[PDB]
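> Quick one: the structure is below, questions incoming.
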Ligand SMILES: COc1cc2ccc(=O)oc2cc1O
Ligand SMILES: [Ca+2]
Ligand SMILES: [Ca+2]
């Protein structure tokens, strides 16, 4: 059973093509991001279709179709009256739609509500990553949630204005910290690498294992690292090691940061497009599998150095210059995404906050083996997508961690 | 920069006091639309604070378990009710930092829920640990749950338990719909009718005034004494610092805002009505126990009338403080909750913090060396101002003003003339 939800009240009089920002049109984001929310305890089917319909008054672009435009290969978003977001009513893979490129450009936002008699239900979503980032999506979902809870109007009104706020410079200019991560190769597909079948697996990590880990890196290097730095170091090393990567292959650690607060001037509060740029560390595989973790952890710590206004403006301008030319960060890229402490909590439709949340996409940040830190004696889940050949050695690495045999050099 | 979040503890009551669910109704003061906001403040100080606050919290939650609960709109009337259930928790964000006061950094010290998101988690604490046995306690409480004094009952109860107390010394009183209920034949007097108005389409906190900046001003006990002595010389009346300086700030801010000459502007503050009701509210009552008082004038009059007149207007506003004023305000809410009760545009809220009991919130590390409010939405104002407590010539307090970005240059100039004692009294 699949309901085609249109806006409650119709906002568009005549058609409307919006362009997307230079961050939106990054080739790494030509993918459908797939995730699901679980909840316990009018039915959730009905409650989310009503939220959806009223939020679509303000978020009507999600209803729209992406296409390529003949002048360049950039996406623009066609919006027209009659457009609708599909709501599917209803192993884990069947819980959120898996649209192919065409279906994903045709329906860049697709929701699914699976109820089963065991109280709970699941909300699945398949949003094309060019439309928006995780903060953007979460503006959209908190807006639906708040409307479900009886809100009078949406509390933050969404801002488009994308080609204006995140456009290129009239005289484009790209700095060394962008040029040194990236390369041009029209013939390279970050997501088409022959690495065998990619598995998904989950590992619990205890707040106490991490504190052990930081205390020892501190004793041996006099720096305190963040969980992200220390644990990311450890997972990166373990991954590259298990993939038996050739010693002189350049490997990379990539993560996404929110730049909204950091621009001059800051981005609007209502801004729901892509408002993240990828940050990197790179090193030879051999150096990584054999240097101490404190060095690798330090290398990641130093990468947020490049978090600045100019770094973002460089990245955009690089895309102006080379969109048609195959921009990529090459092979050996591992993506990492921190999810531990977003506000999952407030996407409350009536049934409380989601008891667990789960990303299914394994193509992200120009990686095929992206890793995610998922929300909460105490500890959190680490999800790793890793090629099948590497996964047994990797399980053993996480089991050594679990037992605090960290192998620090 | 580099503030981590080490973890988020979901603290439950020590012992769980509900068997199954429980909806509590809130008072018609609690459900005032101007209170549908989060109040955000932090306390600065110099087993760990993290562990000691979580254990206090857990044992207070035996008596204060509604802080754990979720605000929803009722199926009958669209007022907030508070759903309480076993499982429910107060979030404690534990976080750490080193390294270089900075405006939008201080924002990270306490969570920043939107009004609607704040209903899901109406009570959020944050313990940010710092170098050399120093830390910050941040709090984001939905204003419908409780007021200043109410929170302060809750925090002193945590603190006394931290100091080794056998039990909490005052049992909190709910009983809200009964003690602050409306009259069987609601009746609303002209002192309330004249401040408030009805517009379902009006958002006190959604007006288009631009970005709102926050800035702090030191004001010397000596500048104020010059200020009172001169108002006295020129009118023979004695004004409090709240009257004289409030006058001055209000005029300077309306003037800086270039406000149209026949706009009605207002000066609003909140007063504790606990001791004033008949009968009084019980001591353990921790909901909202305050009503706003106002003074109003056309903007043109305020920017050009002498200060002593404006200070007089504010001194005369506490006239309206009575039992009946409260019962009028409540009954106006009974009548017109559904119809958009508001005090309109041009309201500047003021809050005096100089003589409350900050210092008994003592967890182990003494009382807080300084305290700081972050919310800029309060009293139906988008530009609230706060007088902050004390730690001859150098002695004084900080005045914190939330003012739209376009007006803040002219306002700085105004406080600089004050600092130098160029008061321009007419
Ligand atoms: C207890 O948390 C609060 C603290 C204060 C303090 C001053 C004020 O203006 O209002 C408050 C509302 C609150 O919910
Ligand atoms: Ca390069
Ligand atoms: Ca009126």
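> Given the conditions (1) under 23 Å from the mean Cα position of the chain (by Cα); (2) buried (at least 22 other Cβ atoms within 10 Å of the Cβ), which single one is not true for residue A:270?
Of everything listed in (1) under 23 Å from the mean Cα position of the chain (by Cα); (2) buried (at least 22 other Cβ atoms within 10 Å of the Cβ), residue A:270 misses just condition (2).
So that you can scan it fast, the table gives a plain yes or no per residue for (1) within 15 Å of ligand 3 (Cβ to nearest atom); (2) away from chain A (no Cβ under 14 Å); (3) in contact with a helix residue (DSSP H, G or I) (Cβ under 8 Å, 6 or more places away or on another chain); (4) in a helix (DSSP H, G or I):
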site	(1), (2), (3), (4)
B:188	yes, yes, yes, no
B:192	yes, yes, yes, yes
B:195	yes, yes, no, no
B:202	yes, no, no, no
B:215	no, yes, yes, no
B:224	no, yes, yes, yes
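> May I pose another question? Pick from region B:108-117 the residues that are outside any loop (DSSP other than H, G, I, E, B) and more than 9 Å from every other protein chain (Cβ to nearest Cβ): which of them is surrounded by the most Cβ atoms within 10 Å (Cβ to Cβ)?
Checked region B:108-117; the qualifying residue surrounded by the most Cβ atoms within 10 Å (Cβ to Cβ) is B:109.
> Continuing with this model, one more query. Checking the conditions here, which among A:255, A:191 is buried (at least 17 other Cβ atoms within 10 Å of the Cβ) and more than 21 Å from residue A:291 (Cα to Cα)?
After applying the criteria, what remains is A:255.
> Suppose we keep only residues that are part of a loop (DSSP other than H, G, I, E, B) and within 12 Å of ligand 1 (Cβ to nearest atom) within region B:377-388. Which one would you say is farthest from the other protein chains (Cβ to nearest Cβ)?
B:388
> Might you let me know whether region A:294-312 holds any residue that is under 30 Å from residue A:50 (Cα atoms) and within 14 Å of chain B (Cβ to nearest Cβ)?
no
Matching residues to (1) within 16 Å of ligand 2 (Cβ to nearest atom); (2) exposed (fewer than 14 other Cβ atoms within 10 Å of the Cβ); (3) closer than 30 Å to residue B:83 by Cβ; (4) in the same structural domain as residue B:393 (by CATH):
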| residue | (1), (2), (3), (4) |
| --- | --- |
| B:161 | no, no, yes, no |
| B:185 | no, yes, no, no |
| B:196 | no, no, yes, yes |
| B:202 | no, no, yes, yes |
| B:211 | no, yes, no, yes |
| B:224 | no, no, no, yes |
| B:227 | no, no, no, yes |
| B:238 | no, yes, no, yes |
| B:242 | no, no, no, yes |
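> What do you reckon, is residue A:147 more than 23 Å from residue A:28 (Cα to Cα), away from ligand 3 (no atom under 16 Å from the Cβ) and either more than 14 Å from every other protein chain (Cβ to nearest Cβ) or in a loop (DSSP other than H, G, I, E, B) (or both)?
no
> Just one of B:378, B:356, B:372 is closer than 23 Å to residue B:180 by Cβ and buried (at least 20 other Cβ atoms within 10 Å of the Cβ); which is it?
B:378
> Hey, could you check region B:1-33 for residues that are under 18 Å from the mean Cα position of the chain (by Cα) and within 14 Å of another protein chain (Cβ to nearest Cβ) and say which is surrounded by the most Cβ atoms within 10 Å (Cβ to Cβ)?
B:31
> Sticking with this structure for a sec: Residue A:155 fails exactly one of the following numbered conditions: (1) part of a loop (DSSP other than H, G, I, E, B); (2) away from every other protein chain (no Cβ under 14 Å). What is the number of that condition?
Going through (1) part of a loop (DSSP other than H, G, I, E, B); (2) away from every other protein chain (no Cβ under 14 Å) one by one, residue A:155 breaks only (2).
> Which members of region B:67-96 meet the condition of being in a loop (DSSP other than H, G, I, E, B) and surrounded by fewer than 17 Cβ atoms within 10 Å (Cβ to Cβ)?
B:74, B:75, B:76, B:77, B:78, B:85, B:86, B:87
What is reported rests on the model, the rules as stated and the sources as named; nothing here is a laboratory result. Heads up, the Cβs are rebuilt from the backbone with ideal geometry, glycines too, and the neighbour counts pull from every protein chain shown.
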